[PDB]
């Protein structure tokens, strides 16, 4: 039995999204065998770790840190600034909206507190997540963070984080950012940030992909080269490979089709080949889950319907895909 993280030890870290339930049972053994990086799937998000101004919730993340230290793993810090899973208190000032400097002060305190607690075990932080506008042609998503703080908010977040993160690298994280439209936009944003002295080390390519994307391998190569040209590290942060196109909302499938499993094995083999080709600029590859038993894809984009997006099947066994990505020299 070949260990994924050992097989890729000269290439990049190998990670998984986790919650505390993953430290038990068969997920626990998969993690210790195959993974040397952990990302809290939810527990370090603002709403979860800091639900009220005067209340932090550290128990779950403390457990994730403790497990990591006990098993010679390190964490990715996901995520400080995001338009989702952020509580309303941050943007409120009694019965008014909070002004720019009040939100900044709250953010400073949030980042100070979280980063101080976990900087010893976190090797990479998703400082800002999904700030690039995904649909319209404007550069930046118009979230409450962007609206209230203004366009400098990204730089402001990175400068604050840099005070408290030590050896930890600082990442900008996003989805669809291998696709040509978003890649161009993201390039412009990051280029501008770097020319303003923003201490950004790397770009996170979330890699929420599917088996039917014909442009994926070409897009991904374009993307890695483009981001690397800015002097940034690349991490693959949330890899999973759905058996459905985004807009296929069918709910009838009880198991994937044979075509689905073979295609999946192929796409996994192909993307990991690309990851090895660009190993000079890629420092970590994380999967958004461990086995098909627990995946956010079971409820997104369709509530209550099963998907099979990962490297271990619903019983915890390595899939054909797993053996394809460890088959190399």
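Residue numbers count along the first chain shown, from 1.
Asker: With respect to the recorded C-alpha B factors, which stretch has the higher mean value, 195-203 or 136-144?
Answerer: Result: 136-144.
Asker: Can you tell me which stretch has the higher mean Cα B-factor, 185-193 or 150-158?
Answerer: Result: 185-193.
Asker: So if I compare the CA B-factors in the entry for 63, 266, 50, 297, which one is the largest?
Answerer: The listed residue with the largest C-alpha B-factor is 266.
Asker: Between 170, 241, 223, 130, which one tops the list for C-alpha B-factor in the PDB entry?
Answerer: Spelled out: the listed residue with the top C-alpha B-factor is 223.
Asker: Please rank the C-alpha B-factors of the chain's modelled residues and tell me whether residue 58 sits in the lowest, middle or highest third.
Answerer: Ranked within chain, residue 58 CA B lands in the lowest tercile.
Asker: Quick check on the deposited entry: does the C-alpha B-factor of residue 256 sit in the lowest, middle or highest third of its chain?
Answerer: Highest third - that is where residue 256 ends up once the chain's C-alpha B-factors are sorted.
Asker: Within this chain's modelled residues, let me know which third the CA B factor of residue 14 belongs to: lowest, middle or highest.
Answerer: Its C-alpha B-factor belongs to the middle third of this chain's values.
Asker: Splitting the chain's C-alpha B-factors into thirds, which one does residue 292 fall into?
Answerer: Middle third of the chain for residue 292's C-alpha B-factor.
Asker: Divide the modelled residues of the chain into thirds by Cα B-factor and specify which third, lowest, middle or highest, holds residue 212.
Answerer: Residue 212: CA B-factor falls in the highest third of its chain.
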